[PDB]
């Protein structure tokens, strides 16, 4: 009576092991544990979303509203939350778009499941309710698609794709951020129309260089790569033009050394007198064949000795240091050169072409300009990003990568397949699934009807973060979808969406004039990952943890 | 395999209670325990018997060969010895002779 | 304070701040202690 | 400085609303298994060591220490239901806990202000009382056979349902004895005496009108069996009275000290002569009795009982009709107890028991309960008080309402028709009460092992046919109406359960901050 | 969800608390099952102070040993309440509660809900009460035969000590009643016998006395120890005043009043003694062999001892409260408070009064009465535990012979009643069911659980309980078709059956009736408790 | 008598040891009781390093979670070795060992010696092998039926 | 089920601060104003200077908004934004870091 039996025969496992089952409200606590980090990403959704500050153990601060990036530095405890954390990371890697949607949608499916479990629905019937409703959801997305990108590159058409994606990440000015990203995309496109070749694109081609100081309006697009480097021998503006012939060597420039026990052997004083002048003639003979080919610049991948740098300054040859690997790999894609390990005369067919190489002060240090010109187009262009704070420079770099990842969505599928934005995609699916729930007899209609209720978070989040009442604005939006379709065709009511601030009362007419749309390839995987993320949590009846 | 199950009965009664039962001990084991005090009385028996010095917690020393007097001033934790101690107390109270023979 | 620790700079309680007339009086008296040593 | 020394840090906003709702839901979740005829039992451990095993809602809440400040308000809700009525303390927390559980996705989701919800909860409370009044039907309050089936409503959940046939006869004569004509019967639990005697059989019991005392007789010659007993209550002790003035007597002559002891013996004999004027057969006092006053009453045959409980003397005056008088000089034949009979002292090894049987309408009764163990006997005591509390509201008002899932669902159906007709901002919080009334009938199915999905789906379709008597069976879970089995409960129990849940929900929804460290 | 209410609160729900009720009851039963039967084990209770207590009864064991497990506390309080009214059945109830849980726990793992299990217990228990009326045999107590009371009283003593001391104590507990009876009033009180604790002779040398024995000796040497004719005068007033109620003092002007004020207190003492001396000589003066004895409940003035010493009057002080009622029944006198009213009619009579000196104390013996209405039992022992072991054996033997006079029906023992309930509860047909397949589950668990009593007896004897009960079922099958009623018992000597009526073993009516009803409620509430919670403020 | 051999030692025998094998195997079977079956529960294991193991296989539960009770160590090594050769039967052996101990424990309390109980296990098991010959159904691989391999794989 | 404790799972690791409520964004405003309090008297040709001694006992006297913020180690997340704009203004133009 004084002390409990304290769970007898519990010595079967270590004291750090704990057993948590769906019974005793722990499945409700798991859903309640999602709402702790769910509300964190709700205020970050949309163009009015609020960025968050997360300080790691090393002191690095990353300010971003992206749900996939924020969950990286955070230490997660509850096991089922890691299911939601790792679900948002896959969406960022695969499609590079729709990261905040997977975080919010998978969290709302568990919130509406709390009422489903309370009514007595078994975990098996709840899973079958979402799987049957998701298959009908993916089929309706292909029916509601409007418009297409058609041609690969266009000045106007690229403003309907990258611009609405970067509007949510660091909104700021619209046309300023859209022109910087859209310019670098046109350079890496092979074009070659009417040739019938298979298009190709690389998400790592466009590189963002973070340079503090200045303003966002002073940013520009550089066709070449930009690094922080100090020329060794001399600096040259290269005003003599006629372009240049450039060679790239992944191996360092120095006398070839034996990999085992390199040692100077001198038997007599006769060999010692010619040893000092012997090494000078070796580099002279090797660098003479390069200078005879008209090579004004040499890219090195490792440390170069001083004896090799002497003859490079005699013929006026620039010296570049390219540490590690990936930095040197993208340099040859600009000039179209093929590296070779030997120090001999390169092949004339493997030499690159760079018209001008300039060194100027941007952020206070010397940077080298690889920028190309109209002719002899180059690939893997870089975007100079100027900003006052380094924290803004980090997320804008990821904001540009979101626009670069949107270009990848124009390659694998048949087209762009634009969808209505401003939350109009998830709202139209509500009326379609509601009619789908009635067409299916049985007890499975409870999970199907509530599956469409979870889509109401998108219009409520955009309305709440905009400083508007969700009770006045949201029911007024259903007035366009409550009139169904008239006796005549050409119905534009599908373009209605949620507006931020302004005069409220719905507004912005039809979004067709706003040009903001969504990607169909993004919404396909955003719903599948978010559904499996909530299904995994509901499919686990018992959770076991260790050490805590 | 590192820790024992501790038995379910560990929560029953208290940890201070100790149990000695058949096949659990006793059974001529505890009988061998009283042989230490039994040999004490064997050396004190007869006219050649040896007296024993006992110092109580109070400090008073009582030197005698009487088993009833010696076992009275000794604090003994073993309970079954008190069965033999109380048996010798009756010999001194009633008859007053033969206390060494009883033990 | 509102109930949360407010630290602008590391070693908050370690460093001290002087301002106003008291900051000027401590600087003049610091020189007067050195002056009277050198004046002798 | 530190400014405020009490909770200088503050938790406000949605974080404080979640902590109030989550803690309130945990109070109702533990008692979900405590509802229904198949309900389980809960054992509690106090720091004193006494074990309390019961399924009652109030007994579980008050014996558990909750560290959450707002969850303690849920603990005191059962006290409101227990003190005013005493039945239905479990359904109050389940209903109040479900309201806040259903009202949670509003401030977080719909962003509706609490006062806006409060205005909807008050309007839904008025409409809920009208639905309960319409489904209630009057019955005869003077029918003994009808009141036996009404007491079985709260017995069906308790373990005493096996003795329910015997238990109804014990609780029926207990309420009818203490009630009197005057606010109608104005019956009070203080007049009903429930004595707990360890050992015996539960099947063997009887309602005894009188006071059962555990005190023995003060003298062996005292007759333990009297044909025509006469009870005279005296608050003054038979011992020699000493003045509080601390009188000090200075003795000079040799005959002064011997006279003091004689006068002390003369007054004790004098006080006995004042008692013998009416010649009582019995004497009962609440204080000690001296050994000198015992012999003077042996000639008159006055049986003296000492150290009687103070509240028991008021219960003796009701059955015996005697008037309590402190001084022996005011004793008259009118103050002597009359009409009492069957005075006998039964011999039991544990204690000596005294019996009384009655032949100014206020009476009293002592129910002797014989259990199998002291802890089970404590359960029958609690079950007997809840059984007598059901008959109280039946005698106060003729109104009688259905129960067992019929009343809770009858309100939710009426709330669904008016909700669609509101068409306003209050439509969302008005629908929360309709889904909140569903927890009680849903809990009865989960404890019975049935499927709440298919039963509650067809249950709502039955109430749309115009009959409010459709309940939920506790054993088979049938949709058969409650008129066949006969479940009925007073309307006061249904009203006090709904009123308490609505008033408690508005209290916790208005708390936007939780601070501690005040130490008043 | 309990930790949200309090951080330090713990609970175990559903099967987590179910394993506790089954294990804690099984663990407590395993310790006390070895004490059931005449061959049962003997426990030695040793506390921190060094006290040794040898008893086989579960009432003393559970009282001295505090139980930490909350589940076994219900069993301890149930076995304690069983010992209060019936004075017997402590070990029996403990063995039944733990067995009812284990038998019902086997069906719980099969998917059976505990609610229908409790239904099978109440239905089968009511049928056992109806069989109890037909199985019991009414006896005629108007003859007051010794042979019937010796066999019933011996059966209770065989479960305490060996057969050597049992044969000595059997006529003692049989004589514990004797002259105490009432035909019409039915009132029977066992509190009139006195339990004396002293070390004299041997525990097997004790004897029964036909009159009251007191522990107080003669305060003065000249008081005659042996008195042939004594008139007991009950005096409840204290001859020596302890204090005066009203605060007072003596103020003397001259030293001549000091001895006078001291003599002032001598008048009140002599006033009470004046009427006592006149009462002795009132009957007859100068009469030898006729003495006078006073038994006082309060203290007696040592100064007044010489007043009675000249008259050869024996005085006793500091008597017990329960001793006053016993003086009226034994000596036949009447209780008197003061000396104001005296007479030879209210004085008692005794044929022999003597005192013996044991150790440093003297005990008073009173016997040889005409129609004594009360008696005493002298319990002697050779050690400390011998007084406690014999007392627990007598007190448990008093309630056994009392139910014979309270209830003329006697139920045979030796497990014959538990075996008879086995075959009766197998098939109830359409008599009492209430449900299809729901009730029959709890009845089968209650029927097979009643067989633990005969099996536990065999296990303590070192035999096979399955082989003993195998021959029992074979005899009951042939006895039904032979038109002969036979009661089959359990013999622990040769490991065979027997007849409880022939062997002399019987059980009380109130012990077996309260054991089945008491153990049913304890086991039912534990099966209906799915959660064990602990909360409170330290 | 072990306290005389070693200064500090722990031992449990007879009724103390009888509750070791019965109760410890009961808590281990209860963990895998909800595992068996296609509708069985799904368990997730999270260690202190951050790794996540989500599976219904009873072998992962035994290898990842340490067991202090020595009784289950014999069962864990038996359940693990069953999945090694036959790829199946981890949760089956645990349900057989844990239940057979409890089914035979009721007669141990009745006074039946454990040896004659275990002797009946071999007699009953050898009959399961003789019955296995008539219980099994022969399948000819010369037919190359694809539907037969589909239904077996779905088990 | 493995123990009577049954701990409650916390979403975030122990040691994490809190947020939302009322005044969380206000805490970031008062952090920048307090840093501004030191740089206000340093503005203008008649302004004063600030003496700062680090943990290494290195005496430095600076009125420059960029140099003052380099001496002190700012652990406040929002207050470090004033350090970035002070170093960015000093890198390009070099003047106006205090303004």
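Chains as they are written, first to last, in this note's numbering: chain A, 563 to 1110; chain B, 5 to 107; chain C, 35 to 74; chain D, 19 to 538; chain E, 252 to 789; chain F, 29 to 183; chain G, 6 to 104.
Quick reminder that beta carbons are idealized off the backbone N, C-alpha and C, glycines included.
In chain order, 215, 217, 218, 219, 220, 222 and 223 place their CB closer than 7 Å to the CB of residue 388 of chain D, counting only its own chain and leaving out the 5 sequence neighbours on each side. Proximity of chain F to residue 673 of chain E at the Cβ level (cut-off 7 Å) is not reached, the minimal Cβ distance being about 15 Å.
Sixteen is the threshold: since fewer than 16 other Cβ atoms of the shown chains lie within 10 Å of the Cβ of residue 655 of chain A, the residue is exposed. Following the DSSP letters along the chain, one finds residue 257 of chain D in no alpha helix (DSSP H), marked with neither H nor E. Any Cβ of chain C closer than 8 Å to the Cβ of residue 60 of chain G would place that residue at the interface, and such an atom is present.
Counting along the chain, no beta strand (DSSP E) covers residue 87 of chain B; the unbroken alpha helix (DSSP H) around it starts and ends at 83 to 94. The DSSP assignment places 769 to 774, 782 to 784 and 788 to 790 as complete runs of the beta strand (DSSP E) inside the stretch 728 to 791 of chain A, in order along the chain (cut-off: 3 residues). For the stretch 680 to 700 of chain A, the residues whose beta carbon sits under 7 Å from a beta carbon of chain D are, in order, 681, 682 and 683.
Of D/75, D/458, D/522 and D/336, the smallest CA-CA separation from residue 62 of chain D is found for D/75. The beta carbon of residue 129 of chain F sits closer than 7 Å to the beta carbons of 49, 50 and 53 from its chain, once the five residues preceding and following it are set aside; these are given in chain order. At the C-beta level, residue 666 of chain E and residue 741 of chain E come within 8 Å of one another. Residue 279 of chain E is positioned such that its CB atom lies closer than 8 Å to that of residue 323 of chain E.
Under DSSP, residue 383 of chain D forms a beta bridge with D/210.
The stretch 121 to 137 of chain D makes contact with the stretch 1026 to 1035 of chain A: 3 or more CB pairs, one atom from each, lie closer than 8 Å.
At a C-beta separation below 9 Å, residue 267 of chain E has these neighbours in chain G: 6 and 9. Here the C-alpha atom of residue 91 of chain G lies approximately 19 Å from the C-alpha atom of residue 44 of chain C. Within 8 Å of the CB of residue 102 of chain G, no CB atom of chain E is found; the nearest one sits about 52 Å away. Exclusion of the five residues before and after residue 47 of chain G leaves 53, 54, 55, 68 and 103 as the residues of its chain whose Cβ lies within less than 7 Å of its Cβ. For residue 402 of chain D and residue 760 of chain E, the gap between their C-alpha atoms comes out near 29 Å. The beta carbon of residue 1055 of chain A sits closer than 6 Å to the beta carbons of 1042 from its chain, once the five residues preceding and following it are set aside; these are given in chain order. Under DSSP, the beta-bridge partners assigned to residue 389 of chain E are E/660. Boundaries of the beta strand (DSSP E) harbouring residue 923 of chain A: 920 to 923, taken from the DSSP string. Taking each of D/515, D/354, D/413 and D/517 in turn and checking the Cα distance to residue 336 of chain D, the smallest one comes out for D/354. Bounds of the alpha helix (DSSP H) holding residue 895 of chain A are 888 to 897.
Any Cβ of chain E closer than 8 Å to the Cβ of residue 586 of chain A would place that residue at the interface, and such an atom is present. Contact between the stretch 577 to 586 of chain A and the stretch 8 to 16 of chain B is absent, with fewer than three C-beta pairs closer than 8 Å.
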